[PDB]
Structures are given as structure tokens and as C-alpha cells.
Amino acid sequence: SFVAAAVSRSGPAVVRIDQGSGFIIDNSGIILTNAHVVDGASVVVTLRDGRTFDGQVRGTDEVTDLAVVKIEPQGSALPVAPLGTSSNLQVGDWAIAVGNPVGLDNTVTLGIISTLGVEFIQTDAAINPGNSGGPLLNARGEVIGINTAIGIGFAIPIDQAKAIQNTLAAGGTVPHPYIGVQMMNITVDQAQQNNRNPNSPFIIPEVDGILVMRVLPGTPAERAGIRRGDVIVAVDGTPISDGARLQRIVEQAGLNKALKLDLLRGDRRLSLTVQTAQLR
Amino acid sequence: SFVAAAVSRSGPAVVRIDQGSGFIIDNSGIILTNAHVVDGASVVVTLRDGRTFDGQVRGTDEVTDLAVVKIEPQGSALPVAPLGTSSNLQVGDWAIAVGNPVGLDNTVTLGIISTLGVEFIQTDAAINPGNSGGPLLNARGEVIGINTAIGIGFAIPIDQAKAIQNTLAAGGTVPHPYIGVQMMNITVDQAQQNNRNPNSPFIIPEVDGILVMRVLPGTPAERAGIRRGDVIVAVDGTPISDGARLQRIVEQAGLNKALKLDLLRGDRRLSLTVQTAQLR
Amino acid sequence: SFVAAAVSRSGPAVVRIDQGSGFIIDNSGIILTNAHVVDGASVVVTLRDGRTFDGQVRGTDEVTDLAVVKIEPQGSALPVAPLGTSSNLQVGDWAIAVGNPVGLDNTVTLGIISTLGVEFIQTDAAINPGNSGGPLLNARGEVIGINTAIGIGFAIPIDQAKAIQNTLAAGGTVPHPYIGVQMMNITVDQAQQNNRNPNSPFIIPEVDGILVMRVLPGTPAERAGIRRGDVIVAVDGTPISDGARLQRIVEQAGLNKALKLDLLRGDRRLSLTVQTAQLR
Amino acid sequence: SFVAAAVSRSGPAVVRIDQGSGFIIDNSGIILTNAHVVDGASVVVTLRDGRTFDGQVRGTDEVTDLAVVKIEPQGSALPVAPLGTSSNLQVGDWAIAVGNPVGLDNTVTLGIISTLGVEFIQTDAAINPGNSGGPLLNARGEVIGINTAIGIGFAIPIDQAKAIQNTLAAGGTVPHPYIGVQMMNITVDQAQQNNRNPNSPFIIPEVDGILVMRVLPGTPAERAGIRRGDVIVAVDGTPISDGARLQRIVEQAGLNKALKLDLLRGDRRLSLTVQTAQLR
Amino acid sequence: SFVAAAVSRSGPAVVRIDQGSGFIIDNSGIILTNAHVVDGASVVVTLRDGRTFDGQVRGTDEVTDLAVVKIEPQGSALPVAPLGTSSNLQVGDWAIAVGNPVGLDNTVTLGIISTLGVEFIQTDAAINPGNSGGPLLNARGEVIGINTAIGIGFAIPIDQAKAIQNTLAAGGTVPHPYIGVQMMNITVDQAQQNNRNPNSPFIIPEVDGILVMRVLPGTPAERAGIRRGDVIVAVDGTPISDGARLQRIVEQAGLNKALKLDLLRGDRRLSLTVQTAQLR
Amino acid sequence: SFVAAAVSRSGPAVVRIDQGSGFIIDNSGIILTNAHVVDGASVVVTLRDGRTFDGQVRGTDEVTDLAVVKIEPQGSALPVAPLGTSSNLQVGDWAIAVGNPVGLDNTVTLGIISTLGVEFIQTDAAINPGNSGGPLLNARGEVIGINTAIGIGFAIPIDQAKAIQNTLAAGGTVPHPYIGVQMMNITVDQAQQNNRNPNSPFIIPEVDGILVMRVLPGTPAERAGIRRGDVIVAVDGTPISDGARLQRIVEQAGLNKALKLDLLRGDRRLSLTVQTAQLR
Amino acid sequence: XXXXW
Amino acid sequence: XXXXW
Amino acid sequence: XXXXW
Amino acid sequence: XXXXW
Amino acid sequence: XXXXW
Amino acid sequence: XXXXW
Ligand code: NA
Ligand code: NA
Ligand SMILES: [Zn+2]
Ligand SMILES: [Zn+2]
């Protein structure tokens, strides 16, 4: 079977972490896994061959859910999993999820790339606590993702983990700018439609947009005076009605980057500047 | 025991209905019970002595939850329960709940008047499906209420059932004027307090009052344009802030009685006239 | 309080058994309790004063749910509860339920006789595992029942326990004749009414009677060929339609007493003789 | 991967419906889906490319669970999924389930034909609300079924949907003749075996056959006098003992086609004619 | 009814607290209630007559579950509940539980003293969140307890609340010495009986005594080296085998009172001194 | 599809058993299945072609969960499934699970060998009650396992069933030596770590090893005096600390083979000889 | 009806 | 507040 | 047996 | 709409 | 036995 | 550790 080759290629580099899995990224002893495998730790690593090194967690991104562990190479060469690239993934490509749940073998499951979010990988390969943090391979045996348990599983794209590799190897805080608002895409035909239901919470000022559904406690949005039911219309002068889209321009703005917000509170015209803080 | 006397006095007039209980109000065969005992029916009555008459339901008030059944007197005199009065009930008076769950005896439970709503009687006498529709007696054995199952039970005050006795004996529709709004007593210190929570549904225009919490479907309130979040301030020119109090002036107004309503919708000044319909 | 007297009279004779309660019937050390307190045992008894005798169970009736324990009198006189009579119980009489849950006091609860089955006593006195097997007293403090936990409690009438006292003191098997059939009272207007429902199990041969609802495994009824759906009409020549009534004539017949049964199986005419066995 | 080709072939024709999926059958704008996706509607369609047409449901078969939607072709050519044939399906063939859950991509899952009912397709391809109404493809990318969510999924065979395509395109009522009886295959060795259990509902007249287990309300079977427990032996003179088989001859008979039924009710010989109505 | 008098005597002094009840102890505005009514607060008090004072919590004992609130007397005299004494309570005495759940009436329930722990009062008077913190009266209407919700309710004896009244009026910390060990009374015939079960946790060194079942985190017992399974035999030279009894001598010792403990850990002879800390 | 070949090769030999599946091992009528399919039986077999033979269970191993059924060859040749070998299984090989849930077709599911215990096979092929007892095939269609239902399924390796084939064909009792102890691998750094938790059941005598966690009722271990909390150190003189390893040497010893055990009970030095009995 | 037995 | 209606 | 209908 | 944050 | 503490 | 037996 073609999967046997793939597994023979990256499988020896898939380790147990202590629960969860991980894979060795290079001969130095740089190991990738899920942040939720590293209950904050500061761990223990078992290779497929039985060797037990003592790893320490040199970085963690809770929001991307991936961590970097470090072990010290001694004796035999640390086996290494080849990194592929997730940019050229095609829906329908073979996907192989490898774990090391006990620390002496690989549990291997097979499926395809079910959907592509670049953003997130779904696959119908059985993804479970036994292979979480472990790698997801293509048919050639190069890792294109990191399994993440929560019939369709998820995996963090590999190119995503490449980006924050050094940062988590060194000082582990990745820039995740945010303002703290739960928004929802509103349509006029949902708005004035809402406005005709006598028991709707608030009347939406017609229009299309991002209806602020909730202001989260202790967030820049709260501190800027933003209220539930507000309708943000123009950031600085860019018309928006997509929640996905606003989740971006905040990121393209730095941390501690003051952003003005044009919004209307029922009838009133409101402009406030929020300062992007770090998601934590 | 003093309760044995009481039970010997009204107990023979307590019947089974078919589930639930009832009591015979006079020798004509006028029987009181709960509306929820008469699943709409149109029934069968068993006396304590085993006699089975065939009753028909000549009236029902679903909202007061009491019904009038009629049976045809034949042979021996229908035993009759003496009616007392609930106006002079004192908290702490003995209360005896009598039922006829099988149709050949009385189940009897004993307690006190726990609280007085005139409006509703609570008692720590065991009130259960076996004695529901049955009478609640004072220490002398005169009925002061009608048990209503749903450790404290409820009973409909007897003077209340006296009022609508003839109406339910004849044509069974009792005037229950209403407008269809679920209101809540709001305080300034709850209002501007609400207004400082960023995630509250709507901003209350400060003040004290009746915050319209919900407009029920197909009600006069809906038809008058009343919306959730509206704050009714003055009916015609009578300042109100009590939900209990407004539940009254509507009643003192007839059925189909147009009532103007001064309310403010956030900032706007709103006057609407609702026409009281029949609760059903 | 009048109950304080009653409790002072029989309370010292109420013991803990080991869970459950019991009471001492005479100075010999004859103790009454529930059969379900004596998980078959063969026990330990604690008096209100702290004295711990060692009791043995000299009898058990599982179907009446009462047992006789025996302890050996030594030192101080065993306190003794006066036995009243349940024959003259009036609905509404005061009832006091006494237990000894720890073995150093009495838990006492108060209520009335809620209903009278002679057959079974119901009361609104709190009856719970703490006072089960314990006595139920009248206002004078003589026992009129034995509490039985399973808001209304049950108690075994005392005159009932008097009857089988010696038998359970000596060789513990009480004559409980039976045949093993679950019957139901059927009415023509339930029968031909059943017969017009196309999805009813079997057509009942019209008539009124005892519809055999279930034949229990390994019973005389099974061995006599009795089937579910049979309709017993005349025992030997006595028309019956009451399940309660048939539960009697079997008892008035001895154990191993052959009883013929006239029944019809749909259309066919069936006469079978069942031999009454002992309920166990 | 071979599935990438298949998906590239039919995937662009897989649309979102509004929840559920569908696929475009030709350039006219004829769309297939599940009847349970069309909560009766009368909808909105989103293509993979983001184009949102406005569809209307021109037909529905609730019992086959498939619907035909129609959209109006404008601008770019509506992509079209090639229809294969389900007649030549082999157990073990590759099966690809495609959905369009958001309206901008395909979620794709892979498996095999697990079993073949022609009648119904099972597959171990992940079938879920995200791909329901969507197509099931063979390895070449031609649709051989319609996914139906409810680890094994179901799909409506494509040749089945071809048959009722025009009918649901035009006036949407497909002939589903029926009589309304829940039958069960009975065996002598189950029959006289049943007859020896004393607590079985009814005695089966020995034989092998279709034991009428239930007569459903308001059905031809009810109107013909058919009762639970009846045993249908010969339709007009064709011996039957298979529930699957009788589910056929009724279909080969028209709607409103009178069918005589030879059955025995315990001992009696019964012949009744039921008139086949439309399942609804 | 005699209860009407009692209620007329203490009922006007029963207030609502804001959920829970309380009663006014003197004209100064000293109010008793449950500590669990005062979710730590620092409150609002409504009298039966509708007067709303503003109370503050000047003391709390979480372990006795009672609190002292203070309000400022103005206008009409604060009604006052007469304090009785719980020392002379007899099992079977009438008990009346009064609450003020809304702030304009009394809910009153009636029962008896079910059992006496001085330590704790049980009663079959309905005790619920509506009357918790409220008083429990004798037949004359003097308070003998404080209702405490969690069919039998509990009440804190009044003489108990008298003792810590001033302390909670002033600086609110009551001496509750403890060591932090969960003990269990062990018997030789339970010990060597335990020792013959092959799957019992630890072998008990025979004997009778207090088997340390659990050492609670951060307690004097933990700090003294006490382990689960230890058997304390002699405090300083007083043989003990009762858990209730040891719960005393610690109290008769002060706070920060070093107590030596003779115990054996399996075979070894162990003497440790624990220093009594404050339960919190 | 390659699986179609495989299924065409072994699929006709896959039968229904009566619930569960099985496969025919040779033309004699030797059938393999799960022991849990044969609820003890002593059965009925349906071939894919509809032929119903009458099988009897000539052997059962409850602990390996496989059974041998026998049917009598008549008429057409019994189709036969080719046996492969599980010794050379590679993780990632294709695995095809075949069942015959109704008795007229094959339900077929596809996946890979997920992990290899020789000891147990896991696969991501859908394994369910419909294919349990059925065979698991490689890509060529030779059976390498027996499906066992309980997303990853299990299968009994085929070479394992080959070993006990004759034994279960003849007299059905397979040697399963055991002693009856639930052990756990203990580490010093878990031991003295356990010993520093004040609430741990027993103090472990430091060391590494097999901590006896439980002695099961009526086992050789119980009869040898082994207690919970004992630490077995050397069998006869072989240091052990692995639960998996001890589960072996007992097997390499016969049935009724006396094995000495060096263990320490806290401080004491204990040597006991257990006699291996048969697991049942 | 009752039954029992 | 109450409501009802 | 099946049924349906 | 999404939200998050 | 009781415990508490 | 495992156990079993
Ligand atoms: Na009472
Ligand atoms: Na696959
Ligand atoms: Zn799969
Ligand atoms: Zn009560």
C-alpha cells in the first residue's frame, strides 16, 4: 500500500508526549504538537523506538493551538519528518493521520482532504486523542498539517506552523490583534425584517452590516464604549458588512493600533477609536 | 379529632369525576371542580356511597381553573357541602383537604393556611391529584376553597367560585379582559444600571416603570403596535410602575374597552390605544 | 403537646435494627418490624437508652412486609409499646410516626389518618427510612400500625400483625393462597368498545368481567392452561367481574385447594381447575 | 488523486440550498435535492462560484425523499453534473460524496458502495447534513446517487430519481399505492411457538405468513375492516408469507385499485377488498 | 387557631432580606438570619408592613450558618420577636416556621419538633427557601430556632445564636478550632474484619478507634504529618474511639492549642502534635 | 475497484448466523465467528445465496472471543474463504471488512490496518454488529482477521484462530492459565511520589514494579493469600516491573503450575506460591 | 382491575 | 414584575 | 417482516 | 456572521 | 464515624 | 500497567 511508504517515511519521527502526539521537525530536537496537548507544562517525550527524552515547552500559541517542544539529541539520530507545503493542497488528496499513542508504534488512519478553509484542513481520516498533535501526511509522506482532535477531523495547515516556528522556539508570544466584539452579518432584508418582529431585542437601523452581537468583558471594544446592538458601518471610511472581513483589517493593523469606528446606535451617529489588544 | 367532624360534615358530598375530585354544591346536583379535571369533556360522577350519576359540564373557566358539572338528583338526597367564606380567612387557620380518588371513601389531609394572596390560598396540607377539584375545609367543615394540584399546595378561594357560579351554570364565558403584554417592574437604579451593562438587549429610558418584556402573538398589544422594550408610563394620565397594578385597571375596563397608552420607545414619545380582548 | 405524652408512652420501646426501626411488643423481647428491614438476616437491636441486644429473626412475611425479631431480656425491663386496635380507626384521627434511626432518640412526625383501606393505612405523617418498621400511634400513644416506607405514607394495620404474631414467632410461613393471574375489571362498554379498536390485542367476548391480563411464570394459573386474554366468568357458578373480589375467594379456599374456573377463550367455552399454591 | 478529477467534474454543479445541498441536472436550471432539505418551501440557491439564484420547488416526493428545484439561467452557463447509472453498481466501487455546505466550496468525502438494496445505496463515505441532497459520485465523477443524511450513510439511487424527474418538474405527485398495514413475516415454528406462550397477545392460526401487526389510522386497510392480528393468506389466489413481496403487488396495482384479501381471523375465514390509496 | 396568635406575636418582626428571611431581635435593628442568605454581602431589608430599610451585615459564621444584619430604626418602632429558649425543647412540641418571602406577608407552616440533636433541630414543618433565615416558633410564639433550608427540615437552636450574637454584632469571627481530619469509628470486629478482605485499602491494626479516613488539604493535621489510614488511639492519654467525642476536646482546647496525638501507622508507634487552627 | 475482486473472492463464503456473521473455512462446513455471536447456543446459518443450513457450535473461547460452528455440506459446494496470514501484516495495508447481516448479500467496508498489537488488529474500516464475526480481508481477498464489534474497529488476527481451530472443532477448552490479579506498573518516582500524598490508600515500599491493584474473587491469587497493595518483586528470581510481561510467564507455565512469588507487604518480606487456574 | 399474585 | 395575559 | 405504508 | 475574539 | 473539619 | 485475569 502507498500509505505504508508514507508512514515508513515520517512515522518514526512521530512521538508520544506526556496526553497527545507530536513530531520531530529536525535533528536538533524541535518538536511540533498541539497547545492543548501541553496543558501549560514547561513534559516527557517517547520516540517510536522506545527512547524517552525529556522535553520542555519553549513556546505555545493557544489560539492557533500549536506548541513547540525541545529535546536534547543524544545517541542515535533523532528521526525527522519532512515538511511539505499546504498552499498547493487539492480537495480530494489522500491524507494520512499518524499518531504515537503509546510510544512504541504508529496508529495510522487514512482519508482525503475534505475541505480547505490555508485556514483549516478538514479530513475524513479518523482524528482522535490518540493522534492529536501528530502529523497529517500527503500520499508521499510529507507533513501537510497537524492533527487536532476536538465524521470529519481538523488539522492545522503546516505552512501556518512554519510561520510561527521560530517565535515559539524563542520567546513564545505571537501577535494576535483583536478588539473583543462578537459580530454577525446583517442584511436589510434581515434588518427591517427583524424590525417587524415585535419581540426582537433591539431595532436594527435597517442597512446591511456587522451587528455587534456581544461585547466581551475586559476588551478594547468594551473600553471604547461599544455596546451590544451597535452597527459598525465604516472602519475609517471602508464600508463593511462581513464578519470574516473585519476579522482581517484588525490583524493587518498592529498591536496597540488605534482604529476609529463609524457605527450607529439606533438613530445616533457614533465614532469611537478602539485600540487593538492581544488575544489571550 | 376535630377534623373527623369536619370530614363527616362535607366529606359525603365529595365526589370522583371521570381524573379528579369535586364537591356537590346543592341538592340540585350542581358540582364544583377544577377546569383541568374537565379535559374539555361535556363526564362521570361517583359519590362516596358508590352511586354513579352521569354528569355534564355546563361551564368552564380555564384561567381561574374551575368548572361546574351538573348531575340529575334521583333516589336519595344528594349530600351537600356547606359553603363558608374566604374573606375572613386568617393565616394559620386549620385547613383540611378532602378528595374522593376512588369513589368510595375520602382521602383527607391536614394543615394550615400558609399564606393569603382573596387571590389564592396556599396551604401545607398535602394537595395532590387525588384531591384536586376537591374542597378545602376550615376546622368546622365548611368549604373555604377548591384544592388545585399543579411542600405547599394551592386552593382557589371559595368566594371567588361563588361569583362565577351562575355564569358557569348557564352560559360559560367569564369576562377576562386583557391586552397581551408581559411586563416587568423596572427601577431607575435597575434602568440606568441596565444601561451601563454593554450587553443588555436595549437601553431603558431611565425612569421607573413597567418594561414591556414580551408582546404575545395575536394580542391587542401586538395589534396596537406595542413592541418589546417599550416602557409604558401613563395609561391615560395615571403614572404606573407596578405590573400587578396594571393587571387591574384593564379588568375594571370592560371587554372591547379602548385604552390609550403613554409609552416611550427609547427616545420617542408613543401613545397608542389598545382594545381589551378576552383571555382565552 | 399531646404528642409528647404519646411519645413518652411508646417511644422508649422503639428500637433501631441492623437499616430500619422496630418496636418491642412485650417484656419477653418480641419485636415487630418490616420484612424489608430484615434483608433475610437471621440482626442487631439498639434500644433508645443505648442498650444493644442481639436479635434474631424468628419469622418473616414478605407479602405483608412484617417480621418478628427476638431479643433476650437482661438487666433492666425491656420497655413495651401498648397495642391498640385498628378496627375502630376513624379517618382524620391523629397519627404519630415514631422511629429510632440512630439508636439513642426518637424521630417523631405528626399527621392524620388520610385513608383507610383494615387493609392499609395512609397518613400524611412523614414516613421515611428513618421510621420504617417503627410504630404509628394514635393520640393516646397506643400503636395502631407499623410504618412502611416505599406526600402520603403507608402503615400496616396493627390488628393485621396481631393475627400472624404467633406464627412468625414460631414457624414463619403464613398461608397466602394464590393462582398467579393479573386480572383487570372489564366492562361491556369497555369490551365491545375494545372490539371496535382495530389495533387492540385480542377481541374480548363482550360481557363484563375479569380479563386475564397476564399469566405469571410458574404459577397454578399457567399450569392449568390459563392464557392471557381469557375471560373468567364463573368460578364454580358465582358470576364475577371484580378483581378485588376474586382476590378473596381464593383466600377463603385453603392452600392446595382445587378451584374450577368457567372462562371463555374468544368464542370457546373453557372450564379448568387451578390448584392454589403459596405466594412466595 | 483520482477523486480530485471526479470532484473537478461534478463539484462545480453542487449547490447550497436554503439547509442542505443539491446539484444542477442541466443548463436549464433543473436542480435535484432531498425533499427534507425542502421543508415544503416553494428557496435560495448558491453555486460554488458564489452566484446566488432564486430557486423555487416545482416538485416533492416525501416518501422517496427527493425534490426538484428550478433556477433561471443567466450570465455564465450553469455548471452541470453528468448523470451515470445505478443499475450497474458493484459492491466495493469507490463512492465520493460531495456537498456545498457554505456556498463557495465542496466538502468531499470518500468511501465505497457498502451494500446495494437499486433500492437504496449504503456507503462508508461520511454522509452528513453538510452534503445531504448533494450527489454521490463514482470514481469517474458521474453521479450514481443522492446523499441522504438521517458509520454508514445512505443514498437514493440515481436511476430512481431519473424516473420521477419530469413528474416532479411538472405536477408533483408520484403514484405511491398503499393499503396501510404493518405486516410481519410469520413462521409456523414461530406461530405455534407463539401459541405456546401463555402471554402472547393473540393466538396465530398456525401457518406461515404475513401477520398484520398494526392497522394504521385512516387507511384503506382500516376502512376494509382489517384488524391487528389478522393473517392474510392469499391476495386473490396467490399464497404469500413475505412482507417485502406484498409491498410490491400493491404497487403493480394502480391507485384506487380494488384488491381482494383472503385472511383468517383466528378461526374464521375472511375475504375483504381494500382500495389502494396514495401514501401521503 | 393557636398558631394565629403565635404568628400575630412574632410574625410582624419577620423580614425579607435581599434571597431569604430574617427576624428583628430588638428595637435597635439587630436582625438574625442565615449566613447563606448573606452571600457575603455587606443588603436590603423589607418589613411585613412594606417598610424598606437598608441593612448591612455586621457579622457572619459560615459554619453555624447564621448572620447578624443591622438596620437603622426610624419612624415607627421596629417590631420585635420574643426570644425563647431551646434548652427545654421537648420532642413533639408544636413548631411554626415563619418566613417573609415577598415582603408584605408571612408564609406560615406548622409541624412538630421531630428530633433534638441543643445541636440541631429537625421538624416536619415545611422548611423551604421562602422561610430560610426566618424564625421557628413554639406554640406561644417565641422563637426557639432559625429555619435553615438545604420531608424534614432543620433549624439552628436559638440559644446557640444567643451565644454568638454580640460577637457577630461586633467583630465577626467565632472560635471554631479544628485539625482537619475526617475520622470514622472503627471496631475490632470491623477492623480484623476489614483485614480479612483481600481488597481493602490498608490493614487496620485491629483495635477499636477513629480511623483517619482523609486528611484535608492545608490543615493542621496535614502539617503534623498525619496520613490517611492512621489510627489515633490516645490524645494525650485519653483512649478514644468516637468521632463525635474527638470533635469536642479540640473545641475545649483553644485556637492555636498544641495537642499531642498517639496513633499507630500499621505497626509503627506514632506521636505527633497538631496545632488547632480556625475552620474557614 | 480492487476491493470488488477481493469481495468476489471471499464474500460468497461469508454467512449470517442466528445475531452476527461468520465465514466458511473449508468445504466440510467449518465456520469461524465470534464467541459473542454464539450466545452459548449449541444456531442457524444462512449463506449469501440464500441456502439455510443448520449449524451447531462445536467450540467456544470466550476470552479470545471466537467460535467454531459446523454445518453439513449438501447440494452445491460450500464456498470457502482463503486464509492468509497475519504475521506479515504491515501498518497501512488495505483492510476490507465483510459481513452478511441479512443473509443474501455482503455489506462491505474499506480502510487500513491502523495498528498492530499479532495481538490485536485495529482498523479504520467501519466495524459494526452487521459484520461482526465476519472476515477482515487484505487487498487480495484472503482473510487476515475476524471482525469484532464492541472511529476504529478491532479484529482477531487470523493466525491466532488457526492455532485453536482444531481444539474448538473437537473438545472446546483452550488453556488460558491465570492467577487472578489486577496489576499496575509502579515507578519509584510514582511510588515515593505516592508515599508523599497523605491521602493515598497505602504506602508503596518505594521501588519499581507491579503493584497488585486488586485481587479478584475466587482466584488462585486470593487462595495464595495475595492482598491488594502487595508488590510482587521476583517470581522465582526474575525481577519484574511490567504488567504485560507477567501476563506471559504465567502462560508459559502450564495449567495447575505452582509459581512462587516474592513480594513485600509494606515492610514485610512475602513469598507465596500460586497455582495457575483456567480463566473462565 | 387489580391483579397482584 | 409579573406580566401574565 | 417489514410493513411500512 | 462569525465574531470570535 | 463523623469527621467534618 | 494492565492487569486482566
Ligand atoms: Na399537622
Ligand atoms: Na478510504
Ligand atoms: Zn472512513
Ligand atoms: Zn405535613
# chains A, B, ... in the order shown; residues from 1 in each chain; ligands from 1
call {"tool": "residues_near_ligand", "arguments": {"ligand": "ligand 2", "cutoff": "7 Å", "atoms": "only C-alpha atoms and all ligand atoms", "output": "PDB file with N, CA, C and O atoms, in the first residue's frame"}}
result
ATOM      1  N   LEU A 110      -6.514   6.649   7.417  1.00  0.00           N
ATOM      2  CA  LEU A 110      -6.471   7.144   6.049  1.00  0.00           C
ATOM      3  C   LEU A 110      -7.777   7.788   5.589  1.00  0.00           C
ATOM      4  O   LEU A 110      -8.870   7.306   5.891  1.00  0.00           O
ATOM      5  N   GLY A 111      -7.647   8.887   4.853  1.00  0.00           N
ATOM      6  CA  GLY A 111      -8.787   9.560   4.263  1.00  0.00           C
ATOM      7  C   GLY A 111      -8.362  10.561   3.203  1.00  0.00           C
ATOM      8  O   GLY A 111      -7.281  10.441   2.621  1.00  0.00           O
TER       9      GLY A 111
ATOM     10  N   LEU D 110     -14.828  10.349   1.000  1.00  0.00           N
ATOM     11  CA  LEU D 110     -14.573   9.186   0.163  1.00  0.00           C
ATOM     12  C   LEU D 110     -14.827   7.856   0.869  1.00  0.00           C
ATOM     13  O   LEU D 110     -14.501   7.682   2.045  1.00  0.00           O
ATOM     14  N   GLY D 111     -15.415   6.918   0.133  1.00  0.00           N
ATOM     15  CA  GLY D 111     -15.639   5.574   0.630  1.00  0.00           C
ATOM     16  C   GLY D 111     -15.995   4.614  -0.491  1.00  0.00           C
ATOM     17  O   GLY D 111     -15.660   4.851  -1.655  1.00  0.00           O
TER      18      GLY D 111
ATOM     19  N   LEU F 110     -14.354  -0.406   3.846  1.00  0.00           N
ATOM     20  CA  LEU F 110     -12.944  -0.339   3.490  1.00  0.00           C
ATOM     21  C   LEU F 110     -12.135   0.611   4.370  1.00  0.00           C
ATOM     22  O   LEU F 110     -12.592   1.699   4.726  1.00  0.00           O
ATOM     23  N   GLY F 111     -10.924   0.184   4.714  1.00  0.00           N
ATOM     24  CA  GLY F 111      -9.999   1.010   5.466  1.00  0.00           C
ATOM     25  C   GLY F 111      -8.589   0.448   5.430  1.00  0.00           C
ATOM     26  O   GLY F 111      -8.229  -0.295   4.513  1.00  0.00           O
TER      27      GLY F 111
END
call {"tool": "residues_around", "arguments": {"residues": "residue K:4", "least_positions_apart": "5", "cutoff": "10 Å", "atoms": "only C-alpha atoms", "output": "count of residues only"}}
result
10
call {"tool": "interface_residues", "arguments": {"of": "chain A", "to": "chain D", "cutoff": "9 Å", "atoms": "only C-alpha atoms", "output": "list in words"}}
result
residues 90, 91, 92, 93, 94, 111, 112, 113, 114, 115, 116, 117, 122, 123, 124, 139, 151 and 152 of chain A
call {"tool": "write_last_selection", "arguments": {"atoms": "C-alpha atoms", "output": "CSV table (one decimal), in the first residue's frame"}}
result
chain,number,residue,atom,x,y,z
A,90,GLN,CA,-6.2,20.0,-3.5
A,91,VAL,CA,-9.5,18.9,-2.2
A,92,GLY,CA,-9.6,15.1,-2.6
A,93,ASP,CA,-5.9,14.5,-2.0
A,94,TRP,CA,-5.1,11.5,0.2
A,111,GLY,CA,-8.8,9.6,4.3
A,112,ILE,CA,-8.9,12.6,2.0
A,113,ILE,CA,-8.7,16.4,2.3
A,114,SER,CA,-12.4,17.0,2.8
A,115,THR,CA,-12.3,20.8,2.6
A,116,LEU,CA,-9.9,23.7,2.6
A,117,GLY,CA,-10.6,26.8,4.6
A,122,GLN,CA,-10.8,19.1,7.3
A,123,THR,CA,-10.4,15.4,6.5
A,124,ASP,CA,-12.4,12.2,6.8
A,139,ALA,CA,0.5,10.4,-0.2
A,151,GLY,CA,-17.2,12.1,11.0
A,152,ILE,CA,-14.7,14.8,10.0
call {"tool": "atom_distance", "arguments": {"atom1": "atom CA of residue A:203", "atom2": "atom CA of residue B:200"}}
result
13.5 Å
call {"tool": "atom_distance", "arguments": {"atom1": "atom CA of residue D:68", "atom2": "atom CA of residue D:169"}}
result
6.2 Å
call {"tool": "residues_around", "arguments": {"residues": "residue E:229", "least_positions_apart": "3", "cutoff": "8 Å", "atoms": "only C-alpha atoms", "output": "MDAnalysis selection string"}}
result
(chainID E and resid 202 204 211:214 265) or (chainID F and resid 201:202)
call {"tool": "write_last_selection", "arguments": {"atoms": "N, CA and C atoms", "output": "compact mmCIF listing (two decimals), in the first residue's frame"}}
result
# COMPACT_ATOMS: atom_id res chain seq x y z
N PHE E 202 -6.06 -0.51 53.25
CA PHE E 202 -4.98 -0.74 54.19
C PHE E 202 -5.44 -1.68 55.29
N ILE E 204 -6.01 -2.40 59.01
CA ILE E 204 -6.18 -1.65 60.24
C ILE E 204 -5.54 -2.48 61.35
N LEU E 211 -10.53 5.74 62.79
CA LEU E 211 -9.68 5.54 61.64
C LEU E 211 -9.67 6.83 60.84
N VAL E 212 -8.49 7.44 60.70
CA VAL E 212 -8.35 8.62 59.86
C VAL E 212 -8.68 8.27 58.41
N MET E 213 -9.83 8.73 57.94
CA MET E 213 -10.30 8.37 56.61
C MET E 213 -9.74 9.29 55.54
N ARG E 214 -9.48 10.53 55.92
CA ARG E 214 -8.98 11.51 54.97
C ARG E 214 -8.30 12.66 55.68
N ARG E 265 0.64 3.77 62.87
CA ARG E 265 0.60 3.68 61.41
C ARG E 265 0.93 2.25 60.97
N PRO F 201 -4.09 5.46 49.52
CA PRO F 201 -4.56 4.26 50.22
C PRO F 201 -3.49 3.60 51.09
N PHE F 202 -2.41 3.17 50.45
CA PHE F 202 -1.33 2.51 51.16
C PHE F 202 0.00 3.10 50.73
call {"tool": "atom_distance", "arguments": {"atom1": "atom CA of residue A:70", "atom2": "atom CA of residue A:18"}}
result
13.2 Å
call {"tool": "select_by_dssp", "arguments": {"residues": "stretch 22-186 of chain B", "states": "helix (DSSP H, G or I)", "output": "count of residues only"}}
result
11
